[PDB]
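Start counting the sequence shown at 137; every next residue gets the next number (this note's numbering). The beta carbon of each residue, even a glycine, is placed where N, CA and C say it ideally should be.
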Amino acid sequence: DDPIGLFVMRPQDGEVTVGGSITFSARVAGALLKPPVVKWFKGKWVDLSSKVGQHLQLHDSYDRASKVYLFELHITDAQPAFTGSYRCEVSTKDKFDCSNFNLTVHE
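Structure representation (structure tokens):
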């Protein structure tokens, strides 16, 4: 099957009800002197780090035992406009990867 890129685990499609909360995440193996770096997007160009607040938070962590980096995107009090196409981009010193996923907000 397909070549192994940077994602140990890719972000998945998600569904949430209006007012609900949902987490998206990515895992990357550290094997690397510096942590991989993540960016989350809505559409081609909206950088969600610019959108952090009552409805959106980001959290990055590392598990020493497994040497895996975890990147989380938390959406809270979901609104209908949050529906759509999203993307996770990860960089290391040597590689770049990305992964597309969708959010659907119901009700």
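For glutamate 151, the CB contacts under 7 Å within the same chain, skipping 5 residues up- and downstream, are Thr240, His242 in chain order.
The alpha-carbon separation between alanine 217 and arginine 146 amounts to approximately 23 Å. DSSP, read as helix, strand or coil, puts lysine 178 in strand. Within the region 161 to 237, the complete beta strand (DSSP E) segments of 3 residues or longer fall at 173 to 178, 192 to 199, 204 to 211, 220 to 227, listed in chain order. Non-local beta-carbon contacts of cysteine 234 in its own chain, meaning distances under 8 Å to residues more than five positions away in sequence, involve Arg223, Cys224, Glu225, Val226 in chain order. A straight line joining the alpha-carbon of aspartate 138 with that of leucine 192 spans about 32 Å.
Assignment of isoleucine 158 by DSSP, reduced to helix, strand and coil, places it in the strand class.
For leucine 239, DSSP records a beta bridge to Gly150, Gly220.
Look at the beta carbons and you see the region 200 to 213 touching the region 158 to 174: at least three pairs across the two are nearer than 8 Å.
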